[PDB]
Structures are given as C-alpha cells and as structure tokens.
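Beneath this line is the structure, given in structure tokens, with notes to follow.
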Amino acid sequence: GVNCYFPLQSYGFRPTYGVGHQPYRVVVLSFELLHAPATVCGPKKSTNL
Amino acid sequence: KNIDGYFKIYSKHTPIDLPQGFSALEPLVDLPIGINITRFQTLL
C-alpha cells in the first residue's frame with residue numbers, strides 16, 4: 001500500500017533483452033591468511049628420478 | 001600436543017592396571033590449525 005513495499009524485486013531476466021540485462025554469474029574468490037599453519041597450498045610438479 | 005602452530009595427535013591401541021609392557025605411540029595426525037588451546041574436556 002501507499003508507503004508500503006516488498007523490498008526484494010526480481011531481475012525479470014528474459015532472453016530477448018540486451019547484453020546489459022542478461023544473467024552474469026559472479027564468483028568472488030578471496031584469500032584468507034591467519035596465524036594458524038597454512039593448509040591450502042599449491043600442483044608443485046617435479047623431475048624424473 | 002600443540003607447540004609450533006600445528007596440532008599433533010599420536011596414538012596406539014594395545015591389547016591388555018596399566019601393564020609393565022613397553023609401547024611407543026605412533027604419529028597419526030598433524031593438523032595445521034593455529035588456534036590457542038588451554039582447556040579441554042572429554043566427550044561421552
């Protein structure tokens with residue numbers, strides 16, 4: 001009602017839409033380093049024996 | 001044990017108060033977590 005609204009609103013994604021309105025999945029990778037010993041290291045390839 | 005930023009667990013399961021037999025505990029787990037531990041309990 002007047003001065004009353006549902007805060008979430010949809011993106012209404014639809015194919016016949018331009019590049020501006022098209023789904024763009026986002027993956028924000030972050031790197032956390034603390035004083036505890038590190039456990040997520042990196043393949044470290046080697047040499048033949 | 002927890003000394004150098006790693007948490008170490010040694011263990012051994014031996015057949016049968018405490019006997020006079022000698023047995024050394026083999027290292028099982030060496031976790032890299034770096035939290036401070038000063039108290040503990042047991043879980044039943």
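Note on naming: chains are A, B, ... as they come in the structure tokens, residues start from 1 per chain, ligands start from 1 in the order shown.
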Point to revise | Residue neighbourhood residue A:24, 12 Å, only C-alpha atoms, exclusion window fewer than 5 positions, as a ChimeraX atom specification | key: /A:11,13,19
Exercise for review: For chain B, work out the contacting residues on chain A at 10 Å, counting only C-alpha atoms, and write them as number ranges by chain.
Suggested key: A: 34-40
Could you please take those selected residues and save N, CA and C atoms as a tab-separated table (two decimals), in the first residue's frame?
```tsv
chain	number	residue	atom	x	y	z
A	34	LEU	N	45.85	-16.53	8.18
A	34	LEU	CA	45.82	-16.27	9.62
A	34	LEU	C	47.11	-16.80	10.25
A	35	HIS	N	47.27	-16.62	11.56
A	35	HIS	CA	48.45	-17.10	12.26
A	35	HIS	C	48.50	-18.61	12.41
A	36	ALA	N	47.38	-19.30	12.17
A	36	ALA	CA	47.39	-20.75	12.18
A	36	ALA	C	48.18	-21.27	10.98
A	37	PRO	N	48.75	-22.48	11.08
A	37	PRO	CA	49.50	-23.03	9.94
A	37	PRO	C	48.66	-23.15	8.68
A	38	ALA	N	49.25	-22.81	7.54
A	38	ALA	CA	48.53	-22.85	6.28
A	38	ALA	C	48.29	-24.29	5.84
A	39	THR	N	47.08	-24.54	5.33
A	39	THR	CA	46.71	-25.88	4.88
A	39	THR	C	46.34	-25.95	3.41
A	40	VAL	N	46.07	-24.84	2.74
A	40	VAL	CA	45.69	-24.83	1.33
A	40	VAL	C	46.90	-24.32	0.55
```
Review point. What lies within 12 Å of residue B:10 using only C-alpha atoms, ignoring chain neighbours under 4 positions off, as a PyMOL selection string?
Key: chain B and resi 1-2+24-31
Write the selection just made, keeping N, CA and C atoms, as a PDB file, in the first residue's frame?
```pdb
ATOM      1  N   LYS B   1      49.319 -32.667  21.442  1.00  0.00           N
ATOM      2  CA  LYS B   1      50.327 -31.629  21.596  1.00  0.00           C
ATOM      3  C   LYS B   1      50.017 -30.479  20.650  1.00  0.00           C
ATOM      4  N   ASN B   2      50.459 -29.276  21.017  1.00  0.00           N
ATOM      5  CA  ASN B   2      50.255 -28.093  20.181  1.00  0.00           C
ATOM      6  C   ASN B   2      51.331 -27.083  20.572  1.00  0.00           C
ATOM      7  N   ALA B  24      55.559 -47.706  22.063  1.00  0.00           N
ATOM      8  CA  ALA B  24      55.709 -46.329  21.623  1.00  0.00           C
ATOM      9  C   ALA B  24      54.526 -45.911  20.761  1.00  0.00           C
ATOM     10  N   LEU B  25      54.084 -44.674  20.957  1.00  0.00           N
ATOM     11  CA  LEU B  25      52.909 -44.154  20.280  1.00  0.00           C
ATOM     12  C   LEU B  25      53.279 -43.630  18.897  1.00  0.00           C
ATOM     13  N   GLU B  26      52.565 -44.118  17.882  1.00  0.00           N
ATOM     14  CA  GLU B  26      52.933 -43.696  16.536  1.00  0.00           C
ATOM     15  C   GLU B  26      52.165 -42.445  16.131  1.00  0.00           C
ATOM     16  N   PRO B  27      52.800 -41.548  15.379  1.00  0.00           N
ATOM     17  CA  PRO B  27      52.112 -40.323  14.942  1.00  0.00           C
ATOM     18  C   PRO B  27      50.969 -40.643  13.993  1.00  0.00           C
ATOM     19  N   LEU B  28      49.779 -40.136  14.319  1.00  0.00           N
ATOM     20  CA  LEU B  28      48.649 -40.270  13.406  1.00  0.00           C
ATOM     21  C   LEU B  28      48.368 -38.977  12.646  1.00  0.00           C
ATOM     22  N   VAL B  29      48.128 -37.880  13.364  1.00  0.00           N
ATOM     23  CA  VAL B  29      47.594 -36.677  12.736  1.00  0.00           C
ATOM     24  C   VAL B  29      48.461 -35.478  13.093  1.00  0.00           C
ATOM     25  N   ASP B  30      48.701 -34.619  12.106  1.00  0.00           N
ATOM     26  CA  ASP B  30      49.409 -33.357  12.315  1.00  0.00           C
ATOM     27  C   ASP B  30      48.639 -32.264  11.578  1.00  0.00           C
ATOM     28  N   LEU B  31      47.657 -31.635  12.276  1.00  0.00           N
ATOM     29  CA  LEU B  31      46.782 -30.605  11.740  1.00  0.00           C
ATOM     30  C   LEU B  31      47.496 -29.256  11.696  1.00  0.00           C
TER      31      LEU B  31
END
```
